[PDB]
Number of protein chains: 2
Amino acid sequence: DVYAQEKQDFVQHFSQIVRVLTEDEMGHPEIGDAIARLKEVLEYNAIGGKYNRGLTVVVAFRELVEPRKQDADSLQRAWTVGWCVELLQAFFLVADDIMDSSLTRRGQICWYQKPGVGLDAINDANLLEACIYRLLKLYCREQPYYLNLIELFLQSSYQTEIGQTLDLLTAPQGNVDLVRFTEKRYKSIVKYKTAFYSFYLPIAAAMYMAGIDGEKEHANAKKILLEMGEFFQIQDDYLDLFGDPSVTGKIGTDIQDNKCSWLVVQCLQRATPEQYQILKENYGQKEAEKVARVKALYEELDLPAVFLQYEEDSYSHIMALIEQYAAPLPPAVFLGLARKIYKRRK
Amino acid sequence: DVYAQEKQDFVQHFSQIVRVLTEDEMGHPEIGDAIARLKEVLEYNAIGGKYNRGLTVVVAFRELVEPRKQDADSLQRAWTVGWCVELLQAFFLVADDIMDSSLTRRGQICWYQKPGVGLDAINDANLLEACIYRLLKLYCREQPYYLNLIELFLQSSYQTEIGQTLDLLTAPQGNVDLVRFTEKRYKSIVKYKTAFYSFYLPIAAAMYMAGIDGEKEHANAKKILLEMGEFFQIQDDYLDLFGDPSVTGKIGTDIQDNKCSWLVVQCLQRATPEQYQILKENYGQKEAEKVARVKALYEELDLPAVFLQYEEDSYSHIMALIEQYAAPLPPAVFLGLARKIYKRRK
Ligand SMILES: CC(C)Oc1ccc(-c2ccnc(NC(P(=O)(O)O)P(=O)(O)O)c2)cc1
Ligand SMILES: CC(C)Oc1ccc(-c2ccnc(NC(P(=O)(O)O)P(=O)(O)O)c2)cc1
Ligand SMILES: CC(C)CCOP(=O)(O)OP(=O)(O)O
Ligand SMILES: CC(C)CCOP(=O)(O)OP(=O)(O)O
Ligand SMILES: [Mg+2]
Ligand SMILES: [Mg+2]
Ligand SMILES: [Mg+2]
Ligand SMILES: [Mg+2]
Ligand SMILES: [Mg+2]
Ligand SMILES: [Mg+2]
């Protein structure tokens, strides 16, 4: 409801974001070609997802700040900081699709697979990261929460890269790694690689912007939001294999990439010795026939039905956490996000 | 002299840098494997260069702060911030060697060419970047210049990526780009990709740490240091082709990578029509025989002798700039750096 409402306004602000980041060409014509590249990078990689994180900043901001304090400039800062989390996301996906050997993203060919781009996308991605701090300087430099936002974006990146490092270590190319695919390890990976930047970061940004800076308040929000993030990544794993890619906008690679997916961890908890063998001989390889063998094994094990049960039990648990930890923040802040992702198909 | 002095002390501090960045494992065992990866990334990619930038921070700090204010903690902050510029460097080289298809760096195989690393080095590189801000928080958070250092590292990265973007745009694989190899373009590329982070950043960091924060003072230092940086990159271009790679620690790729090198720009200013053709048919291609053809052309044009003349005229000009703009800073701050790089062979 409230996200659907805000979507079109959020997305409409993207022009200004592009215009402000491309305006520092005025005084330095010599960087013109780079700034034109930057604009193409922004248009290609910052558009076409759900904008759940940027919108969470805006929705939460509106719900946490007294409407009488939501003047024209305040609101612009809020959808600029929302856009900052979108740019963080864009940076991460561009680099991640290279590392995962992905083909499509958000319904088009991954940036690095475009003829003429290739591994230059590595620089493109980092530029997107640099844009976050340019926007924070340009719009929030005078605000009491400026340092807070800077340290929060920098810390969230570090935590996410640490998680990406656990993701890549647990998934070596060319090697079996079945022994490492545990529930415990899974939880640690998704906590760091997904939950901090995709759930905590946007709500925490809006908190700091509303002057809510206490450690206890931030730790409470984190208890809900890290659990929401773990759940969200489990849905992403489920969708990598069982989603419709004209809906999800992306082709899956977890089985080929030898990834510690929620699906493989479940598969393992339930496999007989002979099925364990099927998994061992077929998992983490590029052969289409071997990926199909693994899928058939998952479906044999009713894994889609096991995912639907986990999703219900988990949502219930997240709602309990909301009842426990939302105060003094409005529960709507957390529920609006839960309902945006509960039972999602993309 | 003064750099040679400080080298061994600087390098000895690397253990502590590793220890502090790997100490946040204590409380979170679950990230243990990632932190062990981080340590391997640090040891492989942060060690073995000249440490000119980290050392410039330390030397300049010692020369700008009254010795009576150089207590144990102050000095540690200074060689930590020196190490931050070294980590920035490490991040950049790891990513750059992937983009340039390089083979060796600092006398060993590039990180991404190690079996088992490959494009995972993209995440490794960004982790190195994240380490800078962790160290600034851990050591300088209480200092009046903390925000100043954060914005200075973030701005320097942005400017360097903009330069890297001009470097990659001017050097398309598969395409002739002779028309773009101008003196003007060359100057713009190296100003952004090299001069800001390699010259301005370390001296400016030491300035801010000495409480020297005025815009006029920073603009004066910048006039010297951007010129020093352009000169330094011209030497790097010269070394890509004419250096001994057991001395430089790296194999060159500029001609194969179609790069707007100082050498190609000079070549072009002096080529006859027929030599222009030789360049056109041979430049920017992987064929060993075609790279050799270009080299023979450079040597035919006395380009090594032209480089030696430019180096002298330029050093003289940089020394004039020092006479103009060093005040009120001690000229030794700038000269120590000039003499460390004038006539360098690595
Ligand atoms: C510096 C850069 C390499 O760091 C990161 C880049 C991307 C990510 C990240 C985190 C969480 N999810 C993704 N992408 C998903 P996705 O490709 O959209 O299914 P995953 O590959 O984990 O399934 C990427 C994390 C860190
Ligand atoms: C995010 C990352 C891709 O950004 C950068 C990474 C590296 C660099 C950079 C800047 C200046 N020099 C280098 N390396 C040199 P080098 O390889 O050591 O000769 P260049 O390839 O320019 O000749 C790299 C600049 C930006
Ligand atoms: C963490 C992760 C699944 C990366 C993809 O996130 P998303 O599914 O939120 O992607 P969009 O930004 O495309 O909506
Ligand atoms: C800017 C550039 C030439 C990158 C290499 O710099 P360097 O030559 O300063 O490298 P070390 O850090 O290896 O000394
Ligand atoms: Mg992926
Ligand atoms: Mg991934
Ligand atoms: Mg996925
Ligand atoms: Mg290079
Ligand atoms: Mg390069
Ligand atoms: Mg070079």
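First residue shown is number 1, and so on along the chain.
Looks like X-ray crystallography, 2.0 Å, at least that's what the header says.
Each Cβ is built from the backbone N, Cα and C atoms, and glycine gets one as well.
Among A:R19, A:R68, A:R106, A:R134, the residue that Swiss-Prot places alongside A:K50, A:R53, A:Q89 at the isopentenyl diphosphate binding site is A:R106.
Looking up A:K187, A:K216, A:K280 in Swiss-Prot for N6-acetyllysine, the annotated residue turns out to be A:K280. Residues A:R105, A:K193, A:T194, A:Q233, A:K259 are recorded by Swiss-Prot as dimethylallyl diphosphate binders, and the candidate that the same record lists for that site, out of A:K222, A:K223, A:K250, is A:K250. Taking every protein chain shown into account, A:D96, A:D100 are the binding-site residues, and of these the Cβ with the most other Cβ atoms within 10 Å belongs to A:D100. Spread of the isopentenyl diphosphate binding residues is 15 Å (greatest Cα-Cα distance among A:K50, A:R53, A:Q89, A:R106). The recorded positions shown are A:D100, A:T194, A:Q233, A:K250, A:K280; of these, the one with its CA atom nearest the CA of A:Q89 (isopentenyl diphosphate binding site) is A:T194. When the binding-site residues A:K50, A:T194, A:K250 are compared by Cα distance to A:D100 (Mg(2+) 1 binding site), the shortest distance belongs to A:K250. Within the set of recorded positions A:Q89, A:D100, A:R105, A:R106, A:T194, A:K280, no residue has a CB atom less than 6 Å from any atom of ligand 10. There are 22 other Cβ atoms within 10 Å of the Cβ belonging to A:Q233 (dimethylallyl diphosphate binding site). Cβ neighbour count for A:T194 (dimethylallyl diphosphate binding site) (all protein chains, 10 Å cutoff from its Cβ): 23.
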